[PDB]
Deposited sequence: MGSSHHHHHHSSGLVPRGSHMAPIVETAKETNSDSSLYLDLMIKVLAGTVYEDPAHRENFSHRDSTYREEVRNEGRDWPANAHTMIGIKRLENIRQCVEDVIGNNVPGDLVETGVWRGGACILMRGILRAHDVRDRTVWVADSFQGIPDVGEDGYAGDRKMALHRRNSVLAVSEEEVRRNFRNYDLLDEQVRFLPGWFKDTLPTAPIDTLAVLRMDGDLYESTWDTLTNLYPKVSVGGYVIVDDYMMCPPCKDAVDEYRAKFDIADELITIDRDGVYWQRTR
């Protein structure tokens, strides 16, 4: 029911239910299951396994009454954040907010002074696909009837928005910002808000050297020993215990 709803939402968001093909820049269920393409029209690129991970983490924080809001840093068309809001709706949770943090202009051009690994990737060149306006994201929330007071937006570059984001505590921090600098700025500003029992999800860890660098360096610097658990061929997560 809530369970039928969330099951269907995952299938709709990833576009498996309507066999949404990969972006011009075929549909293969095995590829979509692991989030290994960019859907032409669907609302998230993270795939079924990473959507299921969001569901499991958010349901666990609700079931264990771990305090805090939910956030995604790097949202594209908004589908992962739509799922977060839908899970709250399914469980009639009225006292948590979903924070939708993005430039709404794609990946920054890190320039000559960027982290070497970020410069080498030149991921801003992918902005023809990766830049999605806030108006489009809002419309996507409205399409699911989920644009309401429990959704809040943090538009701008993370280095500008996250230090002053008016978030008190976080139960789930989902990071999907593609660069060393984006990931570092997310962890430095938002990890201290994560409650004990809460989760940090790293979208692109195994196959993204600069993202792997940022996560490992932050964890080493702050002696975070909570183990990284895999999700699929790309993502990992951990639960904060201390």
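Residues 1-33, 59-65 of the deposited sequence, counted from 1, carry no C-alpha coordinates in the model.
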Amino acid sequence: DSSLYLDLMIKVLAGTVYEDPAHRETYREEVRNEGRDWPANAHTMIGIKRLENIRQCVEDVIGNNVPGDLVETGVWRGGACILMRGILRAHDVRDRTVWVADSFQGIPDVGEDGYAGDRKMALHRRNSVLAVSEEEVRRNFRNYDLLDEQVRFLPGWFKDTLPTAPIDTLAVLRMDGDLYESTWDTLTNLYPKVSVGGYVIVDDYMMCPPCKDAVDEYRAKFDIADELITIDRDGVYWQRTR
From here on, numbers count along this sequence of modelled residues.
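The mean C-alpha temperature factor is higher for 91-99 when 91-99 and 74-82 are set side by side.
In this entry, 211-219 has the higher mean Cα B-factor, the comparison being between 211-219 and 47-55. Of all the options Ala171, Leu154, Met121, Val137, the entry's greatest CA B-factor is assigned to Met121. For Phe158, the recorded CA B-factor ranks within the middle third of the chain. Only modelled residues enter the ranking. Annotation for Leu179: C-alpha temperature factor in the middle third relative to the rest of the modelled chain, per the entry. In the deposited entry, the Cα temperature factor of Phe141 sits in the bottom third of values across the chain's modelled residues. Looking at the C-alpha B-factors along this chain, the one for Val17 belongs to the middle third. Sort the modelled residues of the chain by CA B factor and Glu29 lands in the highest third.
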